[PDB]
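Coming up is one lone chain in structure tokens, specifically the form deposited in one PDB entry.
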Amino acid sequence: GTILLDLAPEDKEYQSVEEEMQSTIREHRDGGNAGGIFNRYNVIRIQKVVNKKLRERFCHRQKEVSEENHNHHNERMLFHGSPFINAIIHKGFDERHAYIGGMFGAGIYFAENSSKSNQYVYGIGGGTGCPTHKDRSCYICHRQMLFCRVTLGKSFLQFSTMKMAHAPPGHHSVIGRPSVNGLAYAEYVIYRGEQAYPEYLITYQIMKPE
């Protein structure tokens, strides 16, 4: 059973989440087609996801990865956008639904830039936008994204497409780094659902630039 705990805006924990969300917005190559046009979000609320069973699976794997990486689990807080956010907060991430179409193959994808995750909230390339207005740039409808704890362990650096089914030998994750001819922004990939915990559930709106 998942329990959603509201965080007060005056709480330093709420402020840290909003600060990372706002500060990591960037301009995307698609000129805002997938996620919309905006320089800031309006944060509606931030809830902590509490689930004992999911936490135990996460901590158990974190100990295993720590033992395989000279006692460093290498956790990072990263964003994830998905139309299936309800299933994620109740059952956790699931590699059985890993992104077949991804540049690093069938893994679970995360971004260090909140605006890159916002491109996936309504589907691949923003699908057809919000259910109500069918607008990928809707300023009215409340969106939701996750800010997750992700166990990276020994991360495998890549610049180019390399379709994998699992992390490479001796590794626990794959990080696609930006390059002039390749990625504009980073992407973090894990191949096991228990290497991520959906810590924060952010409800927000993109704001129309003035």
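In this text, residue numbers run from 1 along the sequence as written. Only residues modelled in both forms are compared. The term rigid core refers to the most C-alpha atoms you can superpose between the two forms while keeping them within 1.5 Å.
Beyond the structure shown, there is the form deposited in another entry, which is absent from this document and is the topic of what follows.
Once the two forms are fitted on their rigid core, between this form and the one not shown the CA displacement reaches 2 Å or more only for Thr161 among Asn42, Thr161, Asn39, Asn33. Core-aligned CA deviation for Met103 between this form and the one not shown: 2 Å or greater. Relative to this conformation, a decrease of 3 Å or more in the Cα-Cα distance between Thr161 and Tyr188 is found in the other form. In the other form, the CA atoms of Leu78 and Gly102 sit farther apart than in the displayed form, by at least 3 angstroms. Moving regions between this form and the one not shown, defined as 3+ consecutive residues each with a CA shift of at least 2 Å after core superposition, lie at 101-105, 160-162.
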